[PDB]
Each structure stands twice: as C-alpha cells, then as structure tokens.
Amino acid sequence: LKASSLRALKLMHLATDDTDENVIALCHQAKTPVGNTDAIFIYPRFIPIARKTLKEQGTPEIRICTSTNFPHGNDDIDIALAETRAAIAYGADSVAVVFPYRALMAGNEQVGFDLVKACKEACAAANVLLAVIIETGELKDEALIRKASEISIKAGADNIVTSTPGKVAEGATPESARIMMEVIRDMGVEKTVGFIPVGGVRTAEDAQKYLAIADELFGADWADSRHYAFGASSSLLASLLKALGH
C-alpha cells in the first residue's frame, strides 16, 4: 500500500474556479514531503503564473495540463482549435480537448474525428501532448465509450481521459477505465496512447486497485507518467500522504 501510494502520488495531475491565489496554492500543494505530483491541471490563462510559481519553488519538472472545448464538448472545430492554439501559446505541456460526445450520441462520428485530428495537428507541431476527454459519465453506454475512444485514438489522441475535472457526479469507474484501456490494448496502441481516470479515485485503496488493472492489462512497466495519470484533487492526495505517514 505504501509502494502503490507513492507510485500513485507521482502519477497525479493535481487539480483544485481557479484564481491566481488558488493556482499558487495548488503549485505548492503539488510539492509534497514525499515527492512531487507529475503535473497540475488548471485553466489555460493561469499557465504563465503557475510556471513561474513552480520554477520558484524548485520544481520545474512538474508539468502543466489544461483543457479546451471545455467543459461542454461542443462540435465547433474552429473554436476548439483556436482554444487549443491559445493553450499551447500560454505554455501548456498537455491539452485535454473535450470530445463532441453529444454529436456522437446523435450519430455524428465524423465531427469528433475531425475535431481531435485538428487539435492533435496543432499540439504535435508544438511538442505538446493532446489528451481527449470522452465524458464517460455522459456517454454512459459501453459501446459509445468504446466508439469515442476508438475515434479519438484514430484521430491521434496521445491520451484518452474519462471525464472532465469537476464534472458534477461524474468520474471514472472501474468499468469505464477497463473499457477504455481494453480499447488501447485491442487497437495495439499501448506504446503511443495512455489513459487518465478523472474522478472516481478518492482513497489510497482506490488508487492501488486502479493501478492493478493497468498492471494486469499491460504488465507492470506500462503505467509510467506518460501512460497513466490520476486526475484528482486534495482528497486523493491527502489519502495517499496518510498511507505514507503524513
């Protein structure tokens, strides 16, 4: 439980609305007595001040993740793309674009493909990772979750993500995480696509079990910081630190 808790802590993308003050506190929160989270997750406009804060406290390696087409997942590619370009300009390490899940649910699979592909173009050129949030809690159905993951991967997603941080009453479940990870396995893209459960993981016990699914599916070496991340907040961090004696 200690080994798993330290491992999970180091995979966290820590999130808190964001304000200058909140974000500064978040950066400090990411540097713990036992090590640093891999990243923080914030709105694009706070990327410059977070980068400064991280540098000043001597943790320049803590990455900054953000989101676009957020939180609604509308089907306007031009807007999603503009937002993604802006996120890149602010200095994002990764952009998580929200998939147009309502469009998919209405039977339009093409727009999700074109949207993700356009954003991936723009991120790849800037050496920024593109994650895709499919919003499993809105899709609900296994087939829709599989299809959104597949479309996302075919369009070039670097990571597939369950849910939008903070989405009321919606988060990763062992079932959705399993489905999404099976898509990665089945499509043969484990080297190039990672997974991010957002929500659903509140305890050290939870984190241990989630990682066990990853280790089971892909072997124990797979879920490094590039291929797995816990998108979570203070509750999980606190639980992990307690498991570790803080």
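A residue's number is simply how far along the shown sequence it sits, counting from 1.
A chain break between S233 and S234 is not present, all residues of the deposited sequence in that interval being modelled. Looking at mean Cα B-factors across 78-86 and 138-146, the upper value is held by 138-146.
Stretches compared: 190-198, 25-33. Higher mean C-alpha B-factor in the entry: 25-33.
In the PDB entry, a CA B factor belonging to the highest third of its chain's modelled residues is recorded for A238. Sort the modelled residues of the chain by CA B factor and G219 lands in the highest third. Looking at the C-alpha B-factors along this chain, the one for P71 belongs to the highest third. Among the modelled residues of its chain, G58 has a C-alpha B-factor that falls in the highest third, as given in the PDB entry. Split the chain's modelled residues into thirds by C-alpha temperature factor. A39 is in the lowest one.
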